[PDB]
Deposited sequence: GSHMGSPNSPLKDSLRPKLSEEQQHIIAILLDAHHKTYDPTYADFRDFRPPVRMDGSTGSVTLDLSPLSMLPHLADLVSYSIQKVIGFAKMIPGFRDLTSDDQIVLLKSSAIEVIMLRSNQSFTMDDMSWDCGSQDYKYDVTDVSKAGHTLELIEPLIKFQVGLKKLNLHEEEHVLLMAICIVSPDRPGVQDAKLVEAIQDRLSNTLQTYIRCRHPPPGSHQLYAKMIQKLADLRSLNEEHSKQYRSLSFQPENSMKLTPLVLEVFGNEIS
């Protein structure tokens, strides 16, 4: 049985995601256009920049998040942004041809497109494997939103100060999730589903680390960092 509090948490997170993820992708017309050797860097930098803004807007709505110091909010968002972008992108990802399909041909991104943003298969191959293994969980939208919120409120991000508080917020989300699965996810889809979802959070840490390495390498060249956005530079370094 989901308590009243746990049902509330899910309603809040569903709404927060609905208010921050336009599944029609209408705002993509505002990005510098896709061109198809770092020819996708302007478009994809704009997409990621927009996505960071949407991730922040979702985070602010996570119950308990606002109770954190303004400093702990910052550290959590800086370290998780790329991971929550990779998670929320699973909604446009399609196993049909292993691409992110955002409404139209111009806005359909494949392995070649990511490599034309400056990344290598060292990143891209595990990223597609992650997206595939995530889609294969066939998560309920309730689970998807709890996983993103649990990803953001992680007490072990380096620089976190009030870890005991971040832990308490996350536990209340983790318990909600464990209870949701038990109450509302029918077998066989439910079999070790929580353990599997937690495994996706570890896979994201490894994705974050390789993304960071390639981003530092990309952005060290002032001519590439010139093509990024002020928000990407601020959040990614």
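Asker: According to the record, which stretches of the deposited sequence lack C-alpha coordinates?
Answerer: No coordinates exist for the deposited residues in 1-17, 54-66, 268-271, so these stretches are absent from the model.
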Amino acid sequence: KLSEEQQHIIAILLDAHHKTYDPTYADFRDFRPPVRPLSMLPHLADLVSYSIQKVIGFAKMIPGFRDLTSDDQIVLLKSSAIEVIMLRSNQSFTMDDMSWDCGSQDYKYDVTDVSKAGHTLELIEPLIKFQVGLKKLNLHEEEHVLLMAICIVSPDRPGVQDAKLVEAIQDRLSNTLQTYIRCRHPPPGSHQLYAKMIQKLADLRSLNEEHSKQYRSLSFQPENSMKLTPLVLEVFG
From here on, numbers count along this sequence of modelled residues.
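Throughout, rigid core stands for the largest set of C-alpha atoms superposing within 1.5 Å between the two forms.
Asker: Which of the two stretches, 209-217 versus 11-19, has its Cα atoms farther on average from this form in 9 other deposited structures of this protein when everything is superposed by the rigid core?
Answerer: With the rigid core superposed, the C-alphas that lie farther in 9 other deposited structures of this protein are those of 209-217.
Asker: With everything overlaid on the rigid core, name the stretch, 190-198 or 54-62, whose CA atoms wander farther on average in 9 other deposited structures of this protein.
Answerer: Farther on average in 9 other deposited structures of this protein: 190-198.
Asker: Between 13-21 and 222-230, point out the one with the higher average CA B-factor as the PDB entry records it.
Answerer: Comparing 13-21 with 222-230, the higher average CA B-factor belongs to 222-230.
Asker: When the C-alpha temperature factors are averaged for each of 168-176 and 42-50, which stretch ends up with the higher value in the entry?
Answerer: Averaging CA B-factors over each stretch, the winner is 168-176.
Asker: Quiz for you: based on the deposited Cα B-factor, which of 200, 211, 60, 182 is highest?
Answerer: Reading the PDB entry, the winner on C-alpha B-factor is 182.
Asker: Would you mind checking where the Cα B-factor of residue 105 ranks among the modelled residues of its chain, as the lowest, middle or highest third?
Answerer: Its C-alpha B-factor belongs to the highest third of this chain's values.
Asker: Would the CA B-factor of residue 116 place it in the lowest, middle or highest third of its chain?
Answerer: It belongs to the highest third of the chain when residues are ordered by C-alpha B-factor.
Asker: With respect to C-alpha B-factor, does residue 128 fall in the lowest, middle or highest third of the chain as deposited?
Answerer: Ranked within chain, residue 128 CA B lands in the middle tercile.
Asker: Please rank the C-alpha B-factors of the chain's modelled residues and tell me whether residue 36 sits in the lowest, middle or highest third.
Answerer: CA B-factor rank for residue 36: highest third.
Asker: Check where residue 195 lands among this chain's C-alpha B-factors and tell me if it's the lowest, middle or highest third.
Answerer: Middle third - that is where residue 195 ends up once the chain's C-alpha B-factors are sorted.
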